[PDB]
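K.L.:
Under the deposited numbering, read the first sequence as residues 188 to 210, 230 to 253, first letter to last.
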Amino acid sequence: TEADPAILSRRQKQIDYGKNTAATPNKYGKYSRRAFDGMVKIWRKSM
RNA sequence: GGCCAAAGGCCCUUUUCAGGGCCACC
Ligand SMILES: [Ca+2]
Ligand SMILES: [Ca+2]
Numbered sequence: 188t189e190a191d192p193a194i195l196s197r198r199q200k201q202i203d204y205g206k207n208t209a210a230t231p232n233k234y235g236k237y238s239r240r241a242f243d244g245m246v247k248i249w250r251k252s253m
């Protein structure tokens, strides 16, 4: 599990953006940047 | 434990069903 406050807060932000839409990746997980970015993309559609 | 999803490493953006950058892999 991830603990770095910069990674957590950015991940939380991508999520916030998501559950702010009209219409889910675990932020506490160990993942490369491309990996987490990939899941958020897919998840954002749709959602 | 592993079985699937995502995934080169890292970074920026509400163009966010998306756009962009560094580095590496000739
Ligand atoms: Ca795959
Ligand atoms: Ca990897």
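For every residue, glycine included, the Cβ atom is placed at its ideal position computed from N, Cα and C.
With a CB to CB cut of under 7 angstroms and the five nearest residues on each side skipped, what residues in its chain are close to residue 199?
P.N.:
233, listed in sequence order.
K.L.:
For residue 192, is the classification buried or exposed, using 16 other Cβ atoms within 10 angstroms of its Cβ as the cut-off for buried?
P.N.:
It is exposed - the Cβ of residue 192 has fewer than 16 other Cβ atoms within 10 Å.
K.L.:
Which of the three DSSP states is assigned to residue 235 in this structure?
P.N.:
coil
K.L.:
Is residue 283 helix, strand or coil by DSSP?
P.N.:
Since the displayed the chain opens at 188 and closes at 253, residue 283 lies outside it and no answer follows.
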